[PDB]
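One structure is given below, encoded as structure tokens.
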Amino acid sequence: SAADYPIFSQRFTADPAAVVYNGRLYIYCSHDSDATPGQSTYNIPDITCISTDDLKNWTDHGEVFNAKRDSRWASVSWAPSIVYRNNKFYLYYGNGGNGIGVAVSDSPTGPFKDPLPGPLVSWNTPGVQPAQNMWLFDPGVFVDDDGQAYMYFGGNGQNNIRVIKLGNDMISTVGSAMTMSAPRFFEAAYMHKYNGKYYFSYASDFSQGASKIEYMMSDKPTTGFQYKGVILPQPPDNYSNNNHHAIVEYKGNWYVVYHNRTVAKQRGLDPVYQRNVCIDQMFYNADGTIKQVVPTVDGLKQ
Amino acid sequence: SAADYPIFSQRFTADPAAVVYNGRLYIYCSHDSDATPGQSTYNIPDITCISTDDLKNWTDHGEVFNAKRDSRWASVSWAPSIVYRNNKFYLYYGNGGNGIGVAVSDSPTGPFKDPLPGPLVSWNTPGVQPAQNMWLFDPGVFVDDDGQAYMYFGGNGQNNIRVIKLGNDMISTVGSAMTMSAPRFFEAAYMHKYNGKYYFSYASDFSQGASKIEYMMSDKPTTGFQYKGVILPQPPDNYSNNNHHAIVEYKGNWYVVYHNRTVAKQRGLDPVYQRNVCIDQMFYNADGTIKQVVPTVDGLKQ
Amino acid sequence: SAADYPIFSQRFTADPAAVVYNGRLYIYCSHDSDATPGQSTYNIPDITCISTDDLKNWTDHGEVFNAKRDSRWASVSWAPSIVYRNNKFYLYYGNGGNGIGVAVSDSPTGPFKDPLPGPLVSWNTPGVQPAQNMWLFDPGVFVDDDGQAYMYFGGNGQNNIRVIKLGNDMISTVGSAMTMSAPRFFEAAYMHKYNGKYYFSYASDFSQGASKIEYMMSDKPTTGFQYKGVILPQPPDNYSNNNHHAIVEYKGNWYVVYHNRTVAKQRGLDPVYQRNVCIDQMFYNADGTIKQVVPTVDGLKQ
Amino acid sequence: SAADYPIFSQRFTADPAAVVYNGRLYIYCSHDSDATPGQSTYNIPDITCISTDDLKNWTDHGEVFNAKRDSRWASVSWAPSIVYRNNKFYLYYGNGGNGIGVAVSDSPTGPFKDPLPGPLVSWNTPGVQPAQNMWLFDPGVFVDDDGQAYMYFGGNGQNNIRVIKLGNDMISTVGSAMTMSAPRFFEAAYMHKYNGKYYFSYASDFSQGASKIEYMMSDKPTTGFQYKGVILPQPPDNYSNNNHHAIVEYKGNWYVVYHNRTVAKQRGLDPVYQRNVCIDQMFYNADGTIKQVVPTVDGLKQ
Amino acid sequence: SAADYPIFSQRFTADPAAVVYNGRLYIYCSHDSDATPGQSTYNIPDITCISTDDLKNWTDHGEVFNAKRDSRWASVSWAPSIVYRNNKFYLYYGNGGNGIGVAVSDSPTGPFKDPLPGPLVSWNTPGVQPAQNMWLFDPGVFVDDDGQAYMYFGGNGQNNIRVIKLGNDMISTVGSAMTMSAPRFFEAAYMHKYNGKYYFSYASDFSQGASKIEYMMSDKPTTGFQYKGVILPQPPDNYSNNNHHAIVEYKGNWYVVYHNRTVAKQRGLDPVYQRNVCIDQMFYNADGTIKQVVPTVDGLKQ
């Protein structure tokens, strides 16, 4: 609610997001608390950003948003979503289960400032309720080719997906939230478009094995979806209820970016410095279904 | 018997139990012997208790029962079961395969004292025999809404489950033990009630893969059960023939608590201090079947 | 042959065998070479023996047979098989792929001496040939209730099992070797009898996953076998082409004893001192099929 | 009614009942009239009692209830039913087709006194009517584990079974009688509980061969019954429209007690003195169905 | 156990056994108590023997074994089994449910003396347990053509048959008891061999009509049995839970010998003097199944 914070909390993990701008891939991660190996003075609840132009050398940009300093109403910033529109960057975030915000910058590396007196989306946003034990913290924002922006969100049940239109200013909602359904939906609603088709990807629940990143396809953005399968199984995935992810096109290739300590350990570094954030290249079949995801082992040649 | 002590012994593990009282969740664990990493002076055969009000900060209450000091007849105390009734706490335990006892306290943190001159349940309790190679050490006690208490117990075979009525004083039996059956039943008979239905959960045997925690459902407490499936597979589960568990409601949510060194290692602490005891949140489908168990990653928000 | 020594060699592992005598369980292991962690002066090619009366406290008896000192013809002693008969102990062994020997003692702890001028069984023993790429090193000897002893042996193919009668003196063969077949037979032919039925157990090949210990049943010792299944999968088994095993009754219970570094590591000790040798209790279904194998976690109570 | 007295009359037979108390099995029998072999002064309409502690030596207690002396309203006492509750013995009886009574004693051997001014159950008890040609004389009383007592009664038709709740004082009814059905129901409704299941046993009619003692099972006491079969065929049964019976547990074994001159003749005595009352041991299958009834040929060893 | 003595007791009946020696057929019967028609001084618990050379004239040999005088440990001798081996006679017997003995003589007519300090077979003989409510009193001993003797025994359930090897001295056991199964097995396990096949005959239970003498066939003595049918229905059989029997070849013909008061009454004598012991000639079909049993009406012509 509330009540399910022990399982939905993103406090001890990092949720990633990605955007491409001016030849570079920017990766954003939430941070909250409290890593003390033995022992440690480690913290600072915020969103940070790293970038690259080659997928092997990374520049750390550090903190780009801190809810306490940079919003009027929020104290936490989980589960970023980032969009570039109107010559501006919009960074959506979850205040710890208590509302979804938006922060704005002229730069991909901030500083981002939330201009609103309260959450952009919350429990009393029209169309959210009724819901049975839905969670509100992890937005996925997408701008369609027609100029309509949408925010997908929700958690904890096949029918607990919502999608609401955003105004062109990207800091307002238009109309009521709509409902969607996806088999075993848990968290991490995400939308991208490729070759005329819409891909709703998400973290599945724990009802038939581990949570995985799975997806549906449609020819429309909010209706007509058909489940297609698993993007990323991740043997063995878990730790820590975190399949937050981004799917982005960069220099003509598609990539899935996700956080996974175990997988990152069997691969090498900590992106001087950001996690634990893995990047695999994604391929499509001729029919638009996802063919495969392949681990990256090197950077771009040029 | 006896003969099967090499496989049923709980001597080198911790069996958990749980009760909620006055806003707190209490977790009890058996201890017996003999952990010497390199080397060690480590021991003391007893039951200990920890508690929380938030699932992240734990208070250690230490030893609450020691069979040698606190019973007239027993020397060991494996596999606790704890009930709050009659403004008292009843802590049932296994004397190492040689009888099941009951100890009583006015406090959840003891001291508990077994008032009886011998075991509450033993091999010659009516209805236990005949049995082929049954084990007697791990009771699960449950008080139904009608005021009838039951103790479920048994081990080592599909038909080696017993259930006997307890008197309202919780320190006596009424009538003969009855028999139950469950596919691949090994150990750890346990009963809880939710939404008008009875859930018999248990550790399965090693006949088709590892032992797992599995369950059946019924509309009655001792008959009419139908097998429903696996609660907790635990890849890869084993070490050490220990799927002792509790299923408890706390602050409106359901939790399964179980002991698993491997799983606890891939997660963090030792509950300052108790194990190795993992807590996952449990969810039900509309039909009452268990939907999923999800790892807890944080404590309650308030 | 020869040619397949790189895969059949037992040089860097320990092959176990077991017998019960005068209230104690004796475990024998072959040793050959050459364990140098960093670095090491470690060796001595022989068979050693440990024993217990409780499955938790072990007495080391050390070396009981050394082929170079204790035979006239052999230099190596892999893959022991041990039988007690005629108030004597017979220890069969493989000379490194070059013949099967027998050594005899009045004591379970030796010294064992091979009385023969050459191998008891070899490539030119009648009935062995023809064979396509059969291996000769790992005997399983069994004495039936009628007083007929048999040695089972062979390797590397479904039809590469042989069984020959032994004389009552246990140091001679009678008649020709006979052929047997078992699905995916690799190594480690072994025979035991329980409740009137004969159990041919063996290591399977690598054709459908890892090698496992599998079995067949018959009402006769050398014909009429029907494959029944896997005794021990061992996730993930391998290292090092070694599913040599014994199946023995001790104090009314059945045990499978096998060598597995990985499994032993997830369990504890090194049997002060012998490996890496794991002991699980085995259970049968009413029809005689093997129900399950359960890890031992403790010793006998008395 | 009335009209069917020529076939339902128990005047020339003995109807048995049984209870266990303080280590002894007590058998009660009704007597009415009028046995004159050639000739005889033989009579006295009442209920008598015998007991044993070993099933071979019997003590005669004689008359324990005489309706004319010991009730205010009744003249006959057929078809006893006996229960021990509240440190008292309750003996229910049929006044010859004209109402069902209850008599009470502090002793199993009386004297029993009916305290009521009229029948406990009669034709105008609510829920009895409507009925087509039902007979009211042979109660079977049972106290469930929840403390609810029930009296089963009725006769002469598949749908002519009634069951009414009794108060905890055992001398009053609560609410209306309920209806039950059983294939070919004739007389002698009887209830016992074993291993969580309820057994409705009864005398069947003469529609497909002789009357037999048959039964149904349920998980509830008054609904959900399914016919299971014949308990006691008795080749050839008849003489004299009397399959009144008891089913009782004594010293860990189950027994069916029934009256049958023919069977008793092919067996021996007259229980110094009571009939003609046969005792067979009853066995159950694992599923709770009745496996068999076996003639007793001897008494208990100790 | 114990508990089932009221149904398994052989106290008031005679259990027969038979052997052929030196041209004569010897019939042995147990006696225990207590026949008092009106009245009687009748008794003496023992085994007696009669013989014939023509099946019509019988010689009474009287008592051949009395447990109190002729054993060190037993007080009763039910259910004889007799074998001639090693120029000696071995008479096995049941001590009233408390162990199976063996007594030995140089003569078929005794005196037989049990040389052992305790029972040959008892509850703690290896392989007997576990058993659910098995009875131990009625051995059937058989010596196979290979020189292996076996004792079959058990009671009260389809899976409650045991068979153990005897040493060649016939007064010791070898190895553990093995289990067998037979449909509806009650008592009176018996083995004979004819034309290369093994015939397990037995008394069936009361689950589908009266107990009968039924049988199975195998090509092996302790495994591979297939139920074949009823040997002897005996309309109407019963009185007194006694289908103890022998099947013996005499002068080229096969006979079944059994105790049945009712059948003997419809036939004539009391074998000057032994019962009630009926002798029918048995015939086989070409396939080895039992064709028929025919009442004898006369003796041998020569």
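Ordered as shown in the structure tokens, chains take letters A, B, and onward, while each chain numbers its residues from 1 and ligands are numbered from 1 in the order shown.
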Residues of chain B within 10 Å of chain D, only C-alpha atoms counted, as a list in words: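 Filtering chain B at 10 Å from chain D with only C-alpha atoms gives residues 126, 127, 146, 147, 148, 159, 163, 165, 174, 175, 176, 177, 178, 179, 180, 181, 220, 221, 222, 223 and 224 of chain B.
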Residue list (strand (DSSP E or B), DSSP) for segment 140-226 of chain C, as number ranges by chain: C: 140-143, 149-154, 161-166, 173-180, 185-194, 197-204, 213-218, 226
Preceding selection exported with C-alpha atoms as a PDB file, in the first residue's frame:
ATOM      1  CA  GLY C 140      31.343 -55.347  -8.142  1.00  0.00           C
ATOM      2  CA  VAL C 141      31.320 -58.654  -6.298  1.00  0.00           C
ATOM      3  CA  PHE C 142      28.202 -60.164  -4.732  1.00  0.00           C
ATOM      4  CA  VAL C 143      27.513 -63.469  -2.973  1.00  0.00           C
ATOM      5  CA  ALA C 149      29.429 -65.498  -5.944  1.00  0.00           C
ATOM      6  CA  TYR C 150      29.451 -63.291  -9.024  1.00  0.00           C
ATOM      7  CA  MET C 151      31.728 -60.505 -10.229  1.00  0.00           C
ATOM      8  CA  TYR C 152      30.092 -57.820 -12.365  1.00  0.00           C
ATOM      9  CA  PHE C 153      32.410 -55.589 -14.382  1.00  0.00           C
ATOM     10  CA  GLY C 154      32.826 -53.718 -17.677  1.00  0.00           C
ATOM     11  CA  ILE C 161      28.621 -55.333 -18.910  1.00  0.00           C
ATOM     12  CA  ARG C 162      30.058 -58.689 -17.969  1.00  0.00           C
ATOM     13  CA  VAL C 163      29.341 -61.011 -15.046  1.00  0.00           C
ATOM     14  CA  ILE C 164      31.332 -64.126 -14.194  1.00  0.00           C
ATOM     15  CA  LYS C 165      30.905 -66.756 -11.486  1.00  0.00           C
ATOM     16  CA  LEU C 166      33.565 -66.973  -8.798  1.00  0.00           C
ATOM     17  CA  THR C 173      36.561 -67.907 -11.690  1.00  0.00           C
ATOM     18  CA  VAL C 174      34.171 -70.659 -12.866  1.00  0.00           C
ATOM     19  CA  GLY C 175      33.049 -70.921 -16.482  1.00  0.00           C
ATOM     20  CA  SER C 176      32.820 -68.050 -18.936  1.00  0.00           C
ATOM     21  CA  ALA C 177      31.833 -64.459 -18.390  1.00  0.00           C
ATOM     22  CA  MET C 178      28.262 -63.667 -19.391  1.00  0.00           C
ATOM     23  CA  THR C 179      26.970 -60.443 -20.979  1.00  0.00           C
ATOM     24  CA  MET C 180      24.392 -57.997 -19.604  1.00  0.00           C
ATOM     25  CA  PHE C 185      25.980 -48.032 -19.091  1.00  0.00           C
ATOM     26  CA  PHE C 186      29.295 -46.217 -18.439  1.00  0.00           C
ATOM     27  CA  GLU C 187      31.046 -47.657 -15.366  1.00  0.00           C
ATOM     28  CA  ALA C 188      30.667 -48.914 -11.830  1.00  0.00           C
ATOM     29  CA  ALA C 189      28.590 -52.114 -12.168  1.00  0.00           C
ATOM     30  CA  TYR C 190      27.253 -53.003  -8.717  1.00  0.00           C
ATOM     31  CA  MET C 191      24.887 -55.657  -7.340  1.00  0.00           C
ATOM     32  CA  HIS C 192      22.921 -55.887  -4.157  1.00  0.00           C
ATOM     33  CA  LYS C 193      19.958 -57.921  -3.081  1.00  0.00           C
ATOM     34  CA  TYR C 194      16.961 -56.779  -1.050  1.00  0.00           C
ATOM     35  CA  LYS C 197      15.093 -58.877  -5.772  1.00  0.00           C
ATOM     36  CA  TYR C 198      18.406 -58.052  -7.437  1.00  0.00           C
ATOM     37  CA  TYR C 199      19.464 -54.422  -7.969  1.00  0.00           C
ATOM     38  CA  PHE C 200      21.985 -53.698 -10.702  1.00  0.00           C
ATOM     39  CA  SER C 201      23.179 -50.182 -10.107  1.00  0.00           C
ATOM     40  CA  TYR C 202      25.730 -48.323 -12.232  1.00  0.00           C
ATOM     41  CA  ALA C 203      27.122 -45.053 -13.468  1.00  0.00           C
ATOM     42  CA  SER C 204      25.361 -43.912 -16.651  1.00  0.00           C
ATOM     43  CA  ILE C 213      23.883 -43.445 -10.557  1.00  0.00           C
ATOM     44  CA  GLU C 214      20.990 -45.448 -12.101  1.00  0.00           C
ATOM     45  CA  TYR C 215      19.559 -48.924 -11.651  1.00  0.00           C
ATOM     46  CA  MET C 216      17.675 -51.935 -12.889  1.00  0.00           C
ATOM     47  CA  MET C 217      15.816 -54.668 -11.032  1.00  0.00           C
ATOM     48  CA  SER C 218      15.383 -58.413 -11.627  1.00  0.00           C
ATOM     49  CA  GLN C 226      14.293 -53.964 -16.249  1.00  0.00           C
TER      50      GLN C 226
END
Exercise: residue 52 of chain B partners within 8 Å, only C-alpha atoms, chain neighbours under 6 positions left out, as JSON, numbers by chain: {"B": [24, 25, 26, 58, 59]}
For residue 4 of chain A, the nearest of the candidates B:264, B:103, B:55, B:47, counting only C-alpha atoms: B:55
For segment 86-99 of chain E, work out the shell of residues within 9 Å, counting only C-alpha atoms and skipping chain neighbours fewer than 5 positions away, then give it as a compact mmCIF listing (two decimals) with N, CA and C atoms, in the first residue's frame.
# COMPACT_ATOMS: atom_id res chain seq x y z
N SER E 1 -2.73 -58.34 18.28
CA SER E 1 -1.32 -58.05 18.68
C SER E 1 -0.76 -59.24 19.45
N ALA E 2 -1.26 -59.67 20.63
CA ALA E 2 -2.14 -59.03 21.67
C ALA E 2 -3.64 -58.63 21.46
N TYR E 5 -6.16 -61.05 19.70
CA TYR E 5 -6.31 -62.41 20.22
C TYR E 5 -7.76 -62.93 20.16
N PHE E 8 -7.82 -64.08 16.45
CA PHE E 8 -6.81 -65.02 15.93
C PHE E 8 -6.59 -66.25 16.79
N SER E 9 -7.09 -66.24 18.02
CA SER E 9 -6.85 -67.35 18.93
C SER E 9 -7.23 -68.67 18.34
N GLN E 10 -6.32 -69.64 18.42
CA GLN E 10 -6.62 -71.02 18.04
C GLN E 10 -7.01 -71.93 19.24
N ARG E 11 -7.40 -71.32 20.35
CA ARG E 11 -7.59 -72.07 21.60
C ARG E 11 -8.63 -73.14 21.63
N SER E 30 -2.89 -79.36 16.65
CA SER E 30 -2.81 -78.65 17.90
C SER E 30 -4.12 -78.80 18.66
N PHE E 65 4.10 -83.53 21.48
CA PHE E 65 4.78 -82.33 21.94
C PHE E 65 3.85 -81.60 22.90
N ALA E 67 4.30 -77.97 24.94
CA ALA E 67 5.21 -76.80 25.07
C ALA E 67 5.75 -76.63 26.50
N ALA E 74 8.17 -71.75 26.04
CA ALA E 74 6.82 -71.62 25.53
C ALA E 74 5.82 -72.34 26.42
N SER E 75 4.56 -71.91 26.35
CA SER E 75 3.48 -72.53 27.12
C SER E 75 2.34 -73.10 26.25
N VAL E 76 2.32 -72.74 24.96
CA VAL E 76 1.24 -73.10 24.04
C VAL E 76 1.88 -73.61 22.74
N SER E 77 1.15 -74.42 21.97
CA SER E 77 1.66 -74.90 20.69
C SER E 77 0.57 -75.01 19.66
N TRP E 78 0.26 -73.90 18.99
CA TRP E 78 -0.72 -73.86 17.97
C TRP E 78 -0.07 -74.15 16.61
N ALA E 79 -0.91 -74.45 15.64
CA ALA E 79 -0.58 -74.32 14.23
C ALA E 79 0.73 -75.02 13.85
N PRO E 80 0.77 -76.34 14.03
CA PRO E 80 1.99 -77.06 13.65
C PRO E 80 2.33 -76.99 12.17
N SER E 81 3.63 -77.12 11.91
CA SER E 81 4.17 -77.36 10.61
C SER E 81 5.20 -78.43 10.82
N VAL E 104 12.21 -80.89 17.84
CA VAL E 104 12.90 -81.87 17.00
C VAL E 104 12.74 -83.27 17.60
N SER E 105 12.57 -84.27 16.74
CA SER E 105 12.54 -85.67 17.14
C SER E 105 13.24 -86.54 16.10
N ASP E 106 13.71 -87.71 16.52
CA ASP E 106 14.17 -88.75 15.59
C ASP E 106 13.03 -89.59 15.02
N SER E 107 11.84 -89.43 15.61
CA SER E 107 10.65 -90.19 15.23
C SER E 107 9.55 -89.29 14.79
N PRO E 108 8.71 -89.75 13.85
CA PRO E 108 7.55 -88.94 13.54
C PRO E 108 6.57 -88.81 14.71
N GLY E 110 7.50 -88.61 17.98
CA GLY E 110 8.10 -87.94 19.12
C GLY E 110 8.91 -88.86 20.00
N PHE E 112 9.09 -84.85 20.78
CA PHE E 112 9.74 -83.67 20.22
C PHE E 112 10.19 -82.76 21.34
N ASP E 114 12.05 -78.87 21.92
CA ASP E 114 12.56 -77.61 21.40
C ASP E 114 13.93 -77.35 22.09
N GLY E 118 14.72 -69.60 23.30
CA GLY E 118 13.65 -68.70 23.01
C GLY E 118 13.08 -69.03 21.63
N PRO E 119 12.14 -68.22 21.17
CA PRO E 119 11.50 -68.47 19.87
C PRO E 119 12.52 -68.42 18.72
N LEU E 120 12.31 -69.27 17.74
CA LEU E 120 13.04 -69.24 16.48
C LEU E 120 12.73 -67.97 15.70
N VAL E 121 11.47 -67.57 15.70
CA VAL E 121 11.04 -66.34 15.05
C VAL E 121 10.14 -65.60 16.01
N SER E 122 10.32 -64.29 16.04
CA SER E 122 9.57 -63.45 16.94
C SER E 122 9.44 -62.04 16.36
N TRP E 123 8.89 -61.13 17.17
CA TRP E 123 8.61 -59.79 16.65
C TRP E 123 9.86 -59.01 16.26
N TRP E 135 0.09 -60.70 12.93
CA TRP E 135 0.04 -61.84 13.88
C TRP E 135 1.13 -62.82 13.59
N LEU E 136 1.78 -63.37 14.65
CA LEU E 136 2.90 -64.31 14.50
C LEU E 136 2.58 -65.58 15.27
N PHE E 137 2.11 -66.61 14.56
CA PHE E 137 1.79 -67.89 15.24
C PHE E 137 1.70 -69.11 14.35
N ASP E 138 1.53 -68.95 13.02
CA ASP E 138 1.19 -70.08 12.17
C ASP E 138 2.22 -70.20 11.02
N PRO E 139 3.33 -70.87 11.30
CA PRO E 139 4.36 -71.07 10.27
C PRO E 139 4.02 -72.14 9.27
N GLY E 140 4.47 -71.95 8.04
CA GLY E 140 4.45 -72.98 7.03
C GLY E 140 5.90 -73.14 6.58
N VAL E 141 6.49 -74.30 6.84
CA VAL E 141 7.87 -74.52 6.47
C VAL E 141 7.97 -75.48 5.26
N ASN E 168 20.34 -75.01 7.27
CA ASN E 168 20.17 -76.42 7.00
C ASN E 168 19.90 -77.29 8.25
N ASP E 169 20.33 -76.83 9.44
CA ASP E 169 20.02 -77.52 10.69
C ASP E 169 18.55 -77.39 11.12
N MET E 170 17.80 -76.51 10.43
CA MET E 170 16.36 -76.34 10.59
C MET E 170 15.93 -75.72 11.92
N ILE E 171 16.91 -75.30 12.71
CA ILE E 171 16.66 -74.72 14.02
C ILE E 171 17.31 -73.36 14.14
Helix (DSSP H, G or I) per DSSP on the backbone: members of segment 28-231 of chain C, as a PyMOL selection string: chain C and resi 67-70
Restricting the output to N, CA, C and O atoms, write the selected residues as a compact mmCIF listing (two decimals), in the first residue's frame.
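The result, stored in out_13.txt:
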# COMPACT_ATOMS: atom_id res chain seq x y z
N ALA C 67 49.23 -52.33 -4.06
CA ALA C 67 49.44 -53.31 -5.15
C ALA C 67 50.92 -53.67 -5.34
O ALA C 67 51.30 -54.84 -5.58
N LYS C 68 51.81 -52.68 -5.20
CA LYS C 68 53.24 -52.92 -5.46
C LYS C 68 53.87 -53.85 -4.41
O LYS C 68 54.69 -54.70 -4.74
N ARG C 69 53.49 -53.67 -3.16
CA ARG C 69 53.99 -54.48 -2.07
C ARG C 69 53.21 -55.79 -1.89
O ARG C 69 53.77 -56.77 -1.39
N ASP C 70 51.92 -55.78 -2.20
CA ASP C 70 51.01 -56.82 -1.73
C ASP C 70 50.46 -57.72 -2.86
O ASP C 70 49.61 -58.60 -2.62
Interatomic distance (Å, one decimal) between atom CA of residue 280 of chain B and atom CA of residue 257 of chain B: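 Taking atom CA of residue 280 of chain B as the start and atom CA of residue 257 of chain B as the end point, the length is 6.6 Å.
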